[PDB]
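Below: the structure, in structure tokens.
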Amino acid sequence: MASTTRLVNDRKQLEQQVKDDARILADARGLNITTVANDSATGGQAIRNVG
Amino acid sequence: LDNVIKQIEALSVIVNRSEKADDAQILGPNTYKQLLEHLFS
């Protein structure tokens, strides 16, 4: 029942903080979008009206 | 004086073959034909 009973919570706060400020200073590169094509068709059996 | 025996085919084969083609659902482009005229004045 002293300050030794808060290390895990302090470490959790540290994890969150370091992730946050490491993301903040990151420089972002604008990726080029490729692979855009109509290759998502659907199949099936023909109905082929009889008569 | 010579005969060749023909092996018969199963019913499913005939039914499958009948539906293979020769159907009037899909159309196609076409144009009119011209007839000979030979006009004069």
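Residues in the structure tokens are numbered from 1 in each chain, the chains being A, B, ... in the order shown, and ligands are numbered from 1 in the order shown.
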
Interface, chain A side, toward chain B (12 Å; only C-alpha atoms) as a ChimeraX atom specification: /A:46-51

Let's have the selection written as a compact mmCIF listing (two decimals), in the first residue's frame, with N, CA, C and O atoms.
# COMPACT_ATOMS: atom_id res chain seq x y z
N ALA A 46 -27.34 -19.72 -67.18
CA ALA A 46 -28.27 -19.02 -68.05
C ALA A 46 -29.68 -19.57 -67.87
O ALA A 46 -29.87 -20.72 -67.46
N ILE A 47 -30.67 -18.73 -68.16
CA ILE A 47 -32.06 -19.14 -68.01
C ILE A 47 -32.61 -19.74 -69.30
O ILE A 47 -33.26 -20.79 -69.27
N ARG A 48 -32.36 -19.09 -70.44
CA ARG A 48 -32.55 -19.70 -71.76
C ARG A 48 -33.98 -20.20 -71.95
O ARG A 48 -34.26 -21.40 -71.98
N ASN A 49 -34.90 -19.23 -72.02
CA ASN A 49 -36.32 -19.51 -72.19
C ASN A 49 -36.56 -20.59 -73.24
O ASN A 49 -35.97 -20.58 -74.32
N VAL A 50 -37.44 -21.53 -72.90
CA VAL A 50 -37.73 -22.67 -73.75
C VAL A 50 -38.99 -22.38 -74.55
O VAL A 50 -39.89 -21.67 -74.09
N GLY A 51 -39.06 -22.94 -75.75
CA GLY A 51 -40.20 -22.73 -76.61
C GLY A 51 -40.03 -23.41 -77.95
O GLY A 51 -39.07 -24.16 -78.19
